[PDB]
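In what follows, a single structure is set out as structure tokens and then discussed.
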Amino acid sequence: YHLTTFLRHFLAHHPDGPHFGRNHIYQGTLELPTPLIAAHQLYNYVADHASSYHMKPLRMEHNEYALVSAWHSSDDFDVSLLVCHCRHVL
């Protein structure tokens, strides 16, 4: 399941945030300048070495891959992060 589309739908339909839910969400985009290495090639290499980067290469008949991370933090919270890459810039 393309969870990126799920979260896009969710934030499109509730782009405000109710005033009672203790949870929070945030979306942003990063354009990494990658002239030395191709953006697709660099993304694929990082995905192949996600464990080295502590990410996780989950799938999504093409199966797109997203790098995810999670960790507890502090008021206690559970913090997570998922990244999907969407000619020398990533």
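Ligands are numbered from 1 in the order shown, residues from 1 within each chain, and chains are lettered A, B, ... in the order they appear in the structure tokens.
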Backbone DSSP call of helix (DSSP H, G or I) for chain A, listed as number ranges by chain: A: 3-13, 39-48
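With only C-alpha atoms as the basis for measurement, A:25 is the residue among A:12, A:30, A:25, A:38 that approaches residue 81 (chain A) most closely.
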Selection near region 74-77 of chain A, 12 Å with only C-alpha atoms, sequence-local residues under 6 positions removed, as number ranges by chain: A: 22-24
Polymer residues at most 6 Å from residue 55 (chain A), only C-alpha atoms, same-chain spacing of 4 or more positions, as a list in words: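 Answer for this query is residues 50, 51, 67, 68 and 69 of chain A.
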Could you give me, as a CSV table (one decimal) with N, CA and C atoms, in the first residue's frame, the residues within 10 Å of residue 70 (chain A), counting only C-alpha atoms and dropping anything in the same chain fewer than 4 positions from it?
```
chain,number,residue,atom,x,y,z
A,54,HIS,N,20.6,3.3,9.3
A,54,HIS,CA,19.6,3.0,10.3
A,54,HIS,C,18.2,3.3,9.8
A,55,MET,N,18.0,3.4,8.5
A,55,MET,CA,16.7,3.5,7.9
A,55,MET,C,16.1,2.1,7.7
A,56,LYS,N,15.0,2.1,7.0
A,56,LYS,CA,14.4,0.8,6.7
A,56,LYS,C,13.8,0.8,5.3
A,78,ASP,N,6.4,9.4,20.7
A,78,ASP,CA,7.0,8.5,19.7
A,78,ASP,C,7.1,9.2,18.4
A,79,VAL,N,8.4,9.4,18.0
A,79,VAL,CA,8.7,10.2,16.8
A,79,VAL,C,9.0,9.3,15.7
A,80,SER,N,8.5,9.5,14.5
A,80,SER,CA,8.7,8.7,13.3
A,80,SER,C,9.0,9.7,12.1
A,81,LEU,N,9.5,9.1,11.1
A,81,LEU,CA,9.9,9.9,9.9
A,81,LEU,C,10.0,9.0,8.7
A,82,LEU,N,9.3,9.3,7.6
A,82,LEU,CA,9.3,8.6,6.3
A,82,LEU,C,9.7,9.5,5.2
```
Å distance separating CA of residue 61 (chain A) from CA of residue 5 (chain A), one decimal place: 16.3 Å
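One finds CA of residue 29 (chain A) at 21.4 Å from CA of residue 63 (chain A).
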Point-to-point distance in Å for CA of residue 37 (chain A) and CA of residue 89 (chain A):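 So the answer is 9.0 Å.
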At a cut-off of 12 Å, using only C-alpha atoms, what residues contact residue 15 (chain A)? Leave out same-chain residues fewer than 6 positions from it and give the result as a PDB file with N, CA and C atoms, in the first residue's frame.
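around38.pdb, freshly written:
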```
ATOM      1  N   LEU A   7      -1.039   9.340   3.426  1.00  0.00           N
ATOM      2  CA  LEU A   7      -0.766  10.530   4.216  1.00  0.00           C
ATOM      3  C   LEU A   7      -1.061  11.800   3.426  1.00  0.00           C
ATOM      4  N   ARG A   8      -0.845  11.783   2.109  1.00  0.00           N
ATOM      5  CA  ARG A   8      -1.245  12.913   1.278  1.00  0.00           C
ATOM      6  C   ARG A   8      -2.751  13.143   1.354  1.00  0.00           C
ATOM      7  N   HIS A   9      -3.539  12.073   1.229  1.00  0.00           N
ATOM      8  CA  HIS A   9      -4.988  12.196   1.356  1.00  0.00           C
ATOM      9  C   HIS A   9      -5.375  12.725   2.728  1.00  0.00           C
ATOM     10  N   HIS A  24       0.644  15.226  16.568  1.00  0.00           N
ATOM     11  CA  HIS A  24       1.020  16.265  15.622  1.00  0.00           C
ATOM     12  C   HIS A  24       1.533  15.610  14.351  1.00  0.00           C
ATOM     13  N   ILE A  25       1.410  16.325  13.235  1.00  0.00           N
ATOM     14  CA  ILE A  25       1.969  15.880  11.969  1.00  0.00           C
ATOM     15  C   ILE A  25       2.632  17.068  11.288  1.00  0.00           C
ATOM     16  N   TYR A  26       3.527  16.764  10.351  1.00  0.00           N
ATOM     17  CA  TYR A  26       4.261  17.793   9.633  1.00  0.00           C
ATOM     18  C   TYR A  26       4.758  17.213   8.320  1.00  0.00           C
ATOM     19  N   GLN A  27       4.711  18.019   7.266  1.00  0.00           N
ATOM     20  CA  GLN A  27       5.240  17.622   5.972  1.00  0.00           C
ATOM     21  C   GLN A  27       6.167  18.708   5.451  1.00  0.00           C
TER      22      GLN A  27
END
```
Neighbours of residue 2 (chain A) within 10 Å (only C-alpha atoms; same-chain residues fewer than 5 positions away dropped), as a PDB file with N, CA, C and O atoms, in the first residue's frame?
```
ATOM      1  N   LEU A   7      -1.039   9.340   3.426  1.00  0.00           N
ATOM      2  CA  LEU A   7      -0.766  10.530   4.216  1.00  0.00           C
ATOM      3  C   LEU A   7      -1.061  11.800   3.426  1.00  0.00           C
ATOM      4  O   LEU A   7      -1.527  12.788   4.009  1.00  0.00           O
ATOM      5  N   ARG A  59       8.723  -1.584   0.996  1.00  0.00           N
ATOM      6  CA  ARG A  59       8.181  -1.512  -0.349  1.00  0.00           C
ATOM      7  C   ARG A  59       6.904  -0.675  -0.349  1.00  0.00           C
ATOM      8  O   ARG A  59       6.541  -0.051   0.652  1.00  0.00           O
ATOM      9  N   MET A  60       6.211  -0.659  -1.483  1.00  0.00           N
ATOM     10  CA  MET A  60       4.957   0.075  -1.603  1.00  0.00           C
ATOM     11  C   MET A  60       4.028  -0.593  -2.609  1.00  0.00           C
ATOM     12  O   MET A  60       3.885  -0.129  -3.739  1.00  0.00           O
ATOM     13  N   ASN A  63       7.502  -1.346  -7.316  1.00  0.00           N
ATOM     14  CA  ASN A  63       7.430  -1.239  -5.861  1.00  0.00           C
ATOM     15  C   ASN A  63       8.388  -0.137  -5.420  1.00  0.00           C
ATOM     16  O   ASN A  63       9.587  -0.371  -5.250  1.00  0.00           O
ATOM     17  N   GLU A  64       7.854   1.067  -5.240  1.00  0.00           N
ATOM     18  CA  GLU A  64       8.656   2.170  -4.735  1.00  0.00           C
ATOM     19  C   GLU A  64       9.073   1.900  -3.295  1.00  0.00           C
ATOM     20  O   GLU A  64       8.403   1.177  -2.553  1.00  0.00           O
ATOM     21  N   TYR A  65      10.202   2.482  -2.905  1.00  0.00           N
ATOM     22  CA  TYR A  65      10.774   2.266  -1.587  1.00  0.00           C
ATOM     23  C   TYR A  65      10.897   3.588  -0.849  1.00  0.00           C
ATOM     24  O   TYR A  65      11.161   4.630  -1.458  1.00  0.00           O
ATOM     25  N   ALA A  66      10.696   3.540   0.462  1.00  0.00           N
ATOM     26  CA  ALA A  66      10.798   4.715   1.310  1.00  0.00           C
ATOM     27  C   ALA A  66      11.669   4.397   2.513  1.00  0.00           C
ATOM     28  O   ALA A  66      11.615   3.297   3.067  1.00  0.00           O
TER      29      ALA A  66
END
```
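Within chain A, DSSP applied to the backbone places the following residues in strand (DSSP E): residues 57, 58, 66, 67, 68, 69, 70, 71, 72, 73, 77, 78, 79, 80, 81, 82 and 83 of chain A.
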I need the residues from that last selection saved to file as a PDB file, in the first residue's frame (with C-alpha atoms), if you can.
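Writing done, so here's part.pdb:
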```
ATOM      1  CA  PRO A  57      13.731  -0.051   2.997  1.00  0.00           C
ATOM      2  CA  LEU A  58      10.041  -0.932   2.912  1.00  0.00           C
ATOM      3  CA  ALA A  66      10.798   4.715   1.310  1.00  0.00           C
ATOM      4  CA  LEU A  67      13.365   5.245   4.054  1.00  0.00           C
ATOM      5  CA  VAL A  68      11.841   5.356   7.532  1.00  0.00           C
ATOM      6  CA  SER A  69      13.081   5.969  11.055  1.00  0.00           C
ATOM      7  CA  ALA A  70      11.605   5.951  14.539  1.00  0.00           C
ATOM      8  CA  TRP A  71      12.725   6.751  18.068  1.00  0.00           C
ATOM      9  CA  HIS A  72      11.289   7.768  21.407  1.00  0.00           C
ATOM     10  CA  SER A  73      11.829  11.352  22.524  1.00  0.00           C
ATOM     11  CA  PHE A  77       6.360  11.038  22.478  1.00  0.00           C
ATOM     12  CA  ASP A  78       6.993   8.504  19.738  1.00  0.00           C
ATOM     13  CA  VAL A  79       8.689  10.212  16.790  1.00  0.00           C
ATOM     14  CA  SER A  80       8.718   8.739  13.294  1.00  0.00           C
ATOM     15  CA  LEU A  81       9.855   9.913   9.870  1.00  0.00           C
ATOM     16  CA  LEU A  82       9.339   8.591   6.336  1.00  0.00           C
ATOM     17  CA  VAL A  83      11.021   9.914   3.184  1.00  0.00           C
TER      18      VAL A  83
END
```
